[PDB]
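K.L.:
Below is one structure. I have some questions about it.
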Amino acid sequence: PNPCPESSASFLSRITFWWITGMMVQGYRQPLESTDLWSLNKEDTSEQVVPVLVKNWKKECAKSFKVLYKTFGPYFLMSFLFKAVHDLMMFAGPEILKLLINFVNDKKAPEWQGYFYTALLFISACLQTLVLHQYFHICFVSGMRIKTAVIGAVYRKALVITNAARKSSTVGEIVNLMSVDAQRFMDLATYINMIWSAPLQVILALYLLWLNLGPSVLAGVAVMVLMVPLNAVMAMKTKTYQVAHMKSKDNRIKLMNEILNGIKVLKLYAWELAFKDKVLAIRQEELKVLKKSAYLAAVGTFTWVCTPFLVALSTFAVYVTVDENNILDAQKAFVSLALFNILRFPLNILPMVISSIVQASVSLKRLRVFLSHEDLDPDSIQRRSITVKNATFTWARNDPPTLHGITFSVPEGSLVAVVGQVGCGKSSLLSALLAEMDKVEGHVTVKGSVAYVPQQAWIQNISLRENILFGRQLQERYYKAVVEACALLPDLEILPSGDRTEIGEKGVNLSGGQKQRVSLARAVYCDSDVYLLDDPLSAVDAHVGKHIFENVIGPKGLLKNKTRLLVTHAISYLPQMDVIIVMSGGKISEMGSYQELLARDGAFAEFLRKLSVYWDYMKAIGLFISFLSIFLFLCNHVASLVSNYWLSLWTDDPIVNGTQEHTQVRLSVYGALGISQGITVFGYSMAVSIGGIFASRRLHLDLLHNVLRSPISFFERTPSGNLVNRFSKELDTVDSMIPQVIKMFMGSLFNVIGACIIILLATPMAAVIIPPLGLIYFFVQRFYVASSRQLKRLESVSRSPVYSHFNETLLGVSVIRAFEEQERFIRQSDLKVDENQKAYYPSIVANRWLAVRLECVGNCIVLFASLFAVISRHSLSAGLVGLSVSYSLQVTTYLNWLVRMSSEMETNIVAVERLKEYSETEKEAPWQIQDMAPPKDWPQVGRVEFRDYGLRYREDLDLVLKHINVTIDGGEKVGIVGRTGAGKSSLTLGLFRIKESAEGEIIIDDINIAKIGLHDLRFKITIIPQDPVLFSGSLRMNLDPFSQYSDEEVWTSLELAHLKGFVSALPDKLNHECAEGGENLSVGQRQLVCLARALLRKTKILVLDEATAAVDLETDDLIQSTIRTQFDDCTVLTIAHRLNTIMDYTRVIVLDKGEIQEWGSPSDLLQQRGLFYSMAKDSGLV
Amino acid sequence: XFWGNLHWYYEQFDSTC
């Protein structure tokens, strides 16, 4: 249908991975999706791979598990042959190089011999790239084949495992066993060969180095060896700084979560500037830990660049000095220098290898423990209606037996009832028949199919139709009858989508009663012979249970001639059921029918009784720091190329009398240039890392100001999760990732340019081969960077359903084995694992594709460089050819970094633009103009007047308020009342200028507020919200976050508020640590705290929103009693629902529509027979 | 993505390089 092209591709195609080239070029043109993705190979599929492991595990287990990993041994054994060949081919370049340098020096030689070496060099290097990436393919395949197998085995085991063994581990730990431990065996499969390969590679590297120079070459090996423990110590110190940074980050995010949630109250109080300073105080504590991390990193990039110099200097300095007769030739100097770069890789990768093999041995032990658990005995219950003979059941393999001496038989097509007190083993009885408990003695058998309904209902996250169907073919007539009979139609109609929706696990939440009603229906629809109902009756009402019991479970219901054993706490439905079974602490006390069992008077009777974005980042770091870093960078790369060119002159000088003439003079200058290089490496490393902290500080302070200057409309239209993700994800990218990447990218780019400059400086004919190879490099990079990111994205989104599915399986183990649908859920899991590998297999081949193309362009640069030297022998000297070829031989490595760090850059720079997202968005009015600033005239009277005022909720919508004209004198207590969805709430938003006046004017004390600054208005008037939220921190801070006025003022305010009793003589008097939106304090306390805030400011115009909405009628009286005496001469404009508060005022205004319908005195409007009289009647109190 | 290592690793040392 859509097979993998690998199997139907030629030999040459498979060697060079040409068969994926089709999928790469396609991936640039259009986006790659899950459908545009090949079928797996037959030998990679779960149903082929998994059964071979579980077979060998069953075989090996019998004899009594690295012995079981001789399943993937045969395929992986081929790996050793390719890798062994690669290690010997690796030490061909330096051996051939020595001959080529001798050739150029030996003038009187046959010329053709040159061309032979340069040919033999290219061929040798090109067989190396092919054999290498064959070795890596069969390693990455064998690792992929282990992941598929391990996941498979773990899943099968999780079904057959016993309750005792499952209670040992957590649901998390078993899901982590499939997610972490199995994932590590993909990785282990790769680098496990380096345990034998790297030491063999080191041993050879040392020996070739020894023949080339002498015992002097130890001095070089010493340095590189001493860098390994320095790398270890510094890599430990960064991890402790990373954890210190991460702990400080969560404090900032937790505070932002409160600000983003509770902006609505924060804006009304004018606490934007106060909480801006509060976040910045935490941010500076976080930027000091990054500043310590910056100095460290600088030393990290310092040691990397100056190592290949320090080694070279130390080795030559020792060699040259110890004896004057030691002559330094080009054939000695550049071959040893090349060998040192071959020797450098294994020592560095050896600490990572050994580190990872240790962690794999932790994961290997965890699997061995889980796989070698005791499974349930399947032939404990016969499966030839239900009969038991002296059965005894434990929960654990050895434990006090739960059920002891039970002997009961149930006729076919009868209703049985299990009753008793809590902890009588009535819950365990149904678990025993399903073969979950371990049998000790006795005979048990159940006839035909079995349907189960657990106490704690399990509901897998799928379509609610397909949940009740549970993998059965639909029958519309019957499906309608059971859904009706279960009384699920009243619940079905309420749900947003209706018939087909999502589950509370990950979607719309269902109540305890609804969960049972689905779970009951799921069993009913299946239509099995025997039914085991483990207390379905946990519904909202008995009236619901009456409908269900009679229509489904009872003799008049669906299951008329079907065996149905039930266990229940209810005593209501007993006289309907045929026979009742009473238990006593894990033993059947007495069996009998309702009529006869009461007559005996037994236990039963007692039971009933974009370049733009890069320039934005450039302006963020600062232009002085930017230019200084670029200057110090070019100073390093120049100082590097000159030192390597100076080495190539030191080689070329005659031997006068078995001595190299001037050598100490040259050795010094060579030493000096290295210090000049090393100093500038630490320079741009520190300069860039310092710059990253300046941008981090700027972009955070810029973003945090932009958010707070926004209107509340922004916070309604924008999702809260979108804003929280910004501060969390995108800042962390700018802080850590971007500064480290830009120095690795630039470092790589100028090492590639640097290598080309030497090749051109050596051979000017090199020019002609630069545009052809550059054009190839551009196109192979163009397709990879595009296509690769799509495949990695598809892999990361296709791995999440595998863990999501296994977590659901682990919860509903009892149900899956009751209905006996394991085979279904196996195929369900095999399908999901395959869909993950279908994404992962192209992803890994994409890497092999690029690597063969890049290394082929690498081998072309070393070919042409070495060839043009032979074409111009008689011009050049032995030193220039050494330097030219030795550089070109390192190009391949830089091209890999240049392509990677190009892709890493393009993803990370997106985050910079998204931190400046809300820069040009609509901002509210200026916080203070402080030109026409209000004086102390506002409180003198407190006049309020609306002049034909009107507002809209949305920008383009019908008017909410309209024709609002009324005058309020100073000291008057005014009431505002209406019906639901009138717009009385909107008048509070207008008074505080949350939404700017859509049409008309609003005046306070002969001074128009529409022109005046927001914060000057916001302070001068106070508000009591509906649900006053408390911000986490001090209670002293919660009352006054500025802390301007005295502490006695805070006490005398809490004294008048009558909250004196609370936090009176607690050790936390004033500085009590509140948290979680004021969870510590109760509902009533919150109203008194916000009243105290108003009693501290003592403003002459107050407003109350839902003051008497779901109050305990204790703080309700305290609110009203304080309002009377404290705010006696002060104006108040109250928004209330209940009439009791509204009735006790001088003036009241009534509006149902957008217009003011009625206004006057409460006593006057009752006599006038207005809308107030109608409202008062409808309320109840007249 | 290691400390003082701009060595190219074709290996996946526990991925998340």
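Chain labels follow the order of the structure tokens: the first chain is A, the next B, and so on; residue numbering restarts at 1 in every chain, and ligands are counted from 1 in their shown order.
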Which neighbours of residue 376 (chain A) fall inside 7 Å, counting only C-alpha atoms, when residues of the same chain fewer than 2 positions from it are skipped, and could you give them as a list in words?

P.N.:
residues 160, 161, 162, 374 and 378 of chain A

K.L.:
If we count only C-alpha atoms and set the cut-off at 8 Å, which residues sit around residue 8 (chain B), ignoring sequence neighbours fewer than 6 positions away in its own chain? Please answer as number ranges by chain.

P.N.:
A: 893, 896-897

K.L.:
Quick one: residues within 8 Å of region 263-270 of chain A, only C-alpha atoms counted, chain neighbours fewer than 3 positions away excluded, as a PyMOL selection string?

P.N.:
chain A and resi 259-260+273+712+992+1015+1018-1019+1022-1023+1025+1028-1029

K.L.:
Write out, as a short mmCIF file (atom, residue, chain, number, x, y, z; two decimals), in the first residue's frame, the residues just selected, with N, CA and C atoms.

P.N.:
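Contents of out_37.cif, freshly written:
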```cif
data_model
loop_
_atom_site.label_atom_id
_atom_site.label_comp_id
_atom_site.auth_asym_id
_atom_site.auth_seq_id
_atom_site.Cartn_x
_atom_site.Cartn_y
_atom_site.Cartn_z
N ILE A 259 -1.01 37.02 39.56
CA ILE A 259 -1.15 38.36 38.89
C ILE A 259 -2.06 38.20 37.67
N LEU A 260 -1.75 37.23 36.79
CA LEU A 260 -2.50 36.95 35.53
C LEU A 260 -3.95 36.56 35.85
N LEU A 273 1.97 48.88 39.51
CA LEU A 273 3.36 49.38 39.73
C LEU A 273 3.99 48.68 40.94
N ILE A 712 -8.12 45.38 30.42
CA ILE A 712 -8.66 44.07 30.91
C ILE A 712 -9.26 43.28 29.73
N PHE A 992 -14.72 53.38 37.35
CA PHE A 992 -13.26 53.16 37.55
C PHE A 992 -12.50 53.18 36.22
N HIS A 1015 -4.44 56.48 37.56
CA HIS A 1015 -3.96 56.18 38.94
C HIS A 1015 -4.36 57.30 39.91
N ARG A 1018 -8.05 56.28 40.43
CA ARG A 1018 -8.14 54.92 41.03
C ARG A 1018 -7.90 54.97 42.55
N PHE A 1019 -7.00 55.82 43.03
CA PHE A 1019 -6.67 55.95 44.48
C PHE A 1019 -7.79 56.68 45.21
N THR A 1022 -12.62 54.08 46.28
CA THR A 1022 -12.39 52.68 46.73
C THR A 1022 -13.57 51.79 46.32
N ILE A 1023 -13.32 50.48 46.26
CA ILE A 1023 -14.26 49.43 45.76
C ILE A 1023 -14.15 48.19 46.66
N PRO A 1025 -14.91 44.37 45.95
CA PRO A 1025 -15.30 43.35 44.97
C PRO A 1025 -16.25 42.25 45.49
N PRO A 1028 -13.05 38.92 47.15
CA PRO A 1028 -11.75 39.56 47.36
C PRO A 1028 -10.63 38.52 47.52
N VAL A 1029 -9.83 38.33 46.47
CA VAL A 1029 -8.68 37.38 46.45
C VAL A 1029 -7.51 37.99 47.24
#
```

K.L.:
If we count only C-alpha atoms, what is near residue 58 (chain A) at a cut-off of 12 Å, once residues fewer than 4 positions away on the same chain are taken out, given as a PyMOL selection string?

P.N.:
chain A and resi 51-54+62-65+68+153+157+371-372

K.L.:
What residues in chain A have any atom no more than 7 Å from chain B when counting only C-alpha atoms, and can you write them as a ChimeraX atom specification?

P.N.:
/A:184,187,190-191,231,235,300-301,303-304,345,893

K.L.:
Once you have the residues from the selection above, write them out as a PDB file, in the first residue's frame, restricted to N, CA and C atoms.

P.N.:
```
ATOM      1  N   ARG A 184      16.154   4.257  27.542  1.00  0.00           N
ATOM      2  CA  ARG A 184      17.625   4.190  27.788  1.00  0.00           C
ATOM      3  C   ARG A 184      18.264   3.048  26.983  1.00  0.00           C
ATOM      4  N   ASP A 187      19.275   4.098  23.526  1.00  0.00           N
ATOM      5  CA  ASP A 187      20.526   4.895  23.614  1.00  0.00           C
ATOM      6  C   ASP A 187      21.704   3.948  23.864  1.00  0.00           C
ATOM      7  N   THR A 190      23.455   2.077  20.948  1.00  0.00           N
ATOM      8  CA  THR A 190      24.391   2.908  20.148  1.00  0.00           C
ATOM      9  C   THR A 190      25.819   2.761  20.689  1.00  0.00           C
ATOM     10  N   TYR A 191      26.086   3.308  21.879  1.00  0.00           N
ATOM     11  CA  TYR A 191      27.451   3.606  22.392  1.00  0.00           C
ATOM     12  C   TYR A 191      28.054   2.428  23.176  1.00  0.00           C
ATOM     13  N   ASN A 231      37.061  19.046  33.262  1.00  0.00           N
ATOM     14  CA  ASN A 231      35.739  19.040  32.574  1.00  0.00           C
ATOM     15  C   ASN A 231      34.665  18.469  33.509  1.00  0.00           C
ATOM     16  N   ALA A 235      31.562  20.610  35.130  1.00  0.00           N
ATOM     17  CA  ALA A 235      30.250  20.087  34.667  1.00  0.00           C
ATOM     18  C   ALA A 235      29.343  19.754  35.863  1.00  0.00           C
ATOM     19  N   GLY A 300      34.563  27.189  30.188  1.00  0.00           N
ATOM     20  CA  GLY A 300      34.197  25.989  29.409  1.00  0.00           C
ATOM     21  C   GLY A 300      34.623  26.101  27.953  1.00  0.00           C
ATOM     22  N   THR A 301      34.283  27.213  27.295  1.00  0.00           N
ATOM     23  CA  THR A 301      34.629  27.507  25.876  1.00  0.00           C
ATOM     24  C   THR A 301      36.112  27.885  25.763  1.00  0.00           C
ATOM     25  N   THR A 303      38.789  26.418  27.568  1.00  0.00           N
ATOM     26  CA  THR A 303      39.573  25.150  27.591  1.00  0.00           C
ATOM     27  C   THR A 303      39.433  24.417  26.250  1.00  0.00           C
ATOM     28  N   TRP A 304      38.244  24.440  25.639  1.00  0.00           N
ATOM     29  CA  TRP A 304      37.943  23.729  24.366  1.00  0.00           C
ATOM     30  C   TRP A 304      38.834  24.243  23.227  1.00  0.00           C
ATOM     31  N   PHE A 345      39.227  12.581  20.558  1.00  0.00           N
ATOM     32  CA  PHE A 345      37.802  12.154  20.618  1.00  0.00           C
ATOM     33  C   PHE A 345      37.563  11.049  21.652  1.00  0.00           C
ATOM     34  N   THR A 893      34.121  17.786  10.498  1.00  0.00           N
ATOM     35  CA  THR A 893      33.548  17.911  11.869  1.00  0.00           C
ATOM     36  C   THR A 893      32.792  19.239  12.011  1.00  0.00           C
TER      37      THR A 893
END
```

K.L.:
I need the residues of region 527-657 of chain A that end up classed as strand (DSSP E) by DSSP on the backbone, written out as a PyMOL selection string.

P.N.:
chain A and resi 530-534+564-567+579-583+588-592

K.L.:
Excluding same-chain residues fewer than 4 positions from residue 252 (chain A), what lies within 10 Å of it counting only C-alpha atoms, as a list in words?

P.N.:
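My reading of the contact set: residues 247, 248, 256, 257, 278, 279, 280, 281, 282, 283, 286, 727 and 728 of chain A.
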
K.L.:
Generate the output file for the selected residues, C-alpha atoms, as a compact mmCIF listing (two decimals), in the first residue's frame.

P.N.:
```txt
# COMPACT_ATOMS: atom_id res chain seq x y z
CA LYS A 247 14.02 26.75 42.28
CA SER A 248 14.07 30.63 42.02
CA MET A 256 2.81 35.58 37.83
CA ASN A 257 0.00 32.90 38.03
CA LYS A 278 7.70 42.80 43.53
CA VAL A 279 8.35 40.50 40.45
CA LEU A 280 11.59 42.46 39.56
CA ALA A 281 12.90 41.83 43.17
CA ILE A 282 12.58 38.01 42.55
CA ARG A 283 13.96 38.39 38.93
CA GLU A 286 17.48 34.74 39.56
CA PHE A 727 7.04 33.87 30.95
CA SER A 728 7.81 30.11 31.53
```

K.L.:
Of the residues A:732, A:830, A:181, A:601, which is the one nearest to residue 250 (chain A), using only C-alpha atoms?

P.N.:
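Among A:732, A:830, A:181, A:601, it is A:732 that comes nearest to residue 250 (chain A).
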
K.L.:
For the structure I just gave you, how does DSSP split region 354-567 of chain A - specifically, which residues are alpha helix (DSSP H)? Reply as an NGL selection string.

P.N.:
:A and (354-371 or 426-433 or 464-469 or 476-485 or 489-494 or 512-526 or 542-548)

K.L.:
Neighbours of residue 387 (chain A) within 9 Å (only C-alpha atoms; same-chain residues fewer than 5 positions away dropped), as a ChimeraX atom specification?

P.N.:
/A:407-411,443-446

K.L.:
Take the residues just selected and output them with N, CA, C and O atoms as a CSV table (one decimal), in the first residue's frame.

P.N.:
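Listing of out19.csv after writing:
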```csv
chain,number,residue,atom,x,y,z
A,407,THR,N,-19.2,-22.0,51.0
A,407,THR,CA,-19.7,-23.1,50.2
A,407,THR,C,-21.2,-22.7,49.8
A,407,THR,O,-22.1,-23.0,50.6
A,408,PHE,N,-21.3,-22.1,48.6
A,408,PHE,CA,-22.6,-21.6,48.1
A,408,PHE,C,-22.7,-22.0,46.6
A,408,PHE,O,-21.7,-21.9,45.9
A,409,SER,N,-23.9,-22.2,46.1
A,409,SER,CA,-24.3,-22.6,44.7
A,409,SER,C,-25.5,-21.7,44.3
A,409,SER,O,-26.5,-21.7,45.0
A,410,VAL,N,-25.4,-21.1,43.1
A,410,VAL,CA,-26.4,-20.1,42.5
A,410,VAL,C,-27.1,-20.8,41.3
A,410,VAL,O,-26.4,-21.1,40.4
A,411,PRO,N,-28.4,-21.1,41.4
A,411,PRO,CA,-29.1,-21.6,40.2
A,411,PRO,C,-29.0,-20.7,39.0
A,411,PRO,O,-28.8,-19.5,39.2
A,443,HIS,N,-12.8,-25.7,45.7
A,443,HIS,CA,-13.3,-25.8,44.3
A,443,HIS,C,-14.2,-24.6,43.9
A,443,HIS,O,-15.2,-24.4,44.7
A,444,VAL,N,-13.9,-24.0,42.8
A,444,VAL,CA,-14.7,-22.8,42.3
A,444,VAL,C,-14.9,-22.9,40.7
A,444,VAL,O,-13.8,-23.2,40.1
A,445,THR,N,-16.1,-22.7,40.2
A,445,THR,CA,-16.3,-22.7,38.7
A,445,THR,C,-17.5,-21.7,38.4
A,445,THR,O,-18.5,-21.7,39.2
A,446,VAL,N,-17.4,-21.0,37.3
A,446,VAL,CA,-18.5,-20.1,36.8
A,446,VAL,C,-18.8,-20.5,35.3
A,446,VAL,O,-17.8,-20.7,34.6
```

K.L.:
If we count only C-alpha atoms, what is near residue 95 (chain A) at a cut-off of 10 Å, once residues fewer than 6 positions away on the same chain are taken out, given as a PyMOL selection string?

P.N.:
chain A and resi 121+208+335+339

K.L.:
Could those residues be written to a file, using C-alpha atoms, as a tab-separated table (two decimals), in the first residue's frame?

P.N.:
```tsv
chain	number	residue	atom	x	y	z
A	121	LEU	CA	43.99	9.17	0.48
A	208	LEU	CA	51.72	5.92	16.33
A	335	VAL	CA	51.47	14.20	11.50
A	339	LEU	CA	47.28	12.13	15.52
```

K.L.:
Mind pulling up the distance from CA of residue 898 (chain A) to CA of residue 615 (chain A)?

P.N.:
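Computing the Euclidean distance for CA of residue 615 (chain A) and CA of residue 898 (chain A) yields 20.8 Å.
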